[PDB]
Amino acid sequence: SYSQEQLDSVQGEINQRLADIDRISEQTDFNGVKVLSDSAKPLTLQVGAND
Amino acid sequence: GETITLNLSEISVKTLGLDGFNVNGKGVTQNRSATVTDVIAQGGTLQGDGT
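What follows is the structure in structure tokens.
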């Protein structure tokens with residue numbers, strides 16, 4: 103039932119949400135680590151002595 | 154390195170496209186029928202049968 107322009111507004115909101123998802127990906131930081139990004143190797147977290 | 158661009162501008166007359174919006178006026182003007190005076194004012198030639 104939606105004409106083309108309302109779909110255009112919907113897609114604008116989709117693009118905004120997707121851009122925010124990508125922003126969260128590239129900007130969620132912890133101790134200078136892009137933890138939730140495309141370049142985040144798994145961590146170690148040495149627990150206990152005698153490594 | 155991150156921004157949230159707003160992209161806001163140009164909501165007014167002269168940008169919504171109206172710029173002259175004239176609901177009244179002459180509407181559709183009616184031209185007047187030409188005659189021999191106008192054509193001879195254009196400076197062409199006449200011949201038999203007034204052509």
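Going down the list, the protein sequences come from chains A and B. Start counting the first sequence at 103; every next residue gets the next number (full-length UniProt numbering). Start counting the second sequence at 154; every next residue gets the next number (full-length UniProt numbering). Each residue gets a CB set at the ideal place from its N, CA and C atoms; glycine is no exception.
Along the region 124–137 of chain A, the positions whose C-beta sits under 9 angstroms from a C-beta of chain B are 125, 128, 129, read in chain order. Between residue 166 of chain B and residue 172 of chain B the beta-carbon gap is near 6 angstroms, inside 8 angstroms, which marks them as a contact. With respect to residue 130 of chain A, residue 138 of chain A sits close: the two C-beta atoms are nearer than 8 angstroms. Proximity of chain A to residue 155 of chain B at the Cβ level (cut-off 9 angstroms) is accounted for by 125, 128, 129, in chain order. Per DSSP, reduced to three states, the secondary structure at residue 110 of chain A is helical. Here DSSP, grouped into helix, strand and coil, assigns residue 131 of chain A to strand. Comparing alpha carbon positions, the residue from A:147, A:128, A:149 closest to residue 141 of chain A is A:128. Cβ neighbours of residue 188 of chain B within its own chain (closer than 7 angstroms, five residues either side excluded): none.
The continuous alpha helix (DSSP H) containing residue 190 of chain B extends over residues 189–194. Straight through space, the alpha carbons of residue 118 of chain A and residue 148 of chain A are spaced by roughly 40 angstroms.
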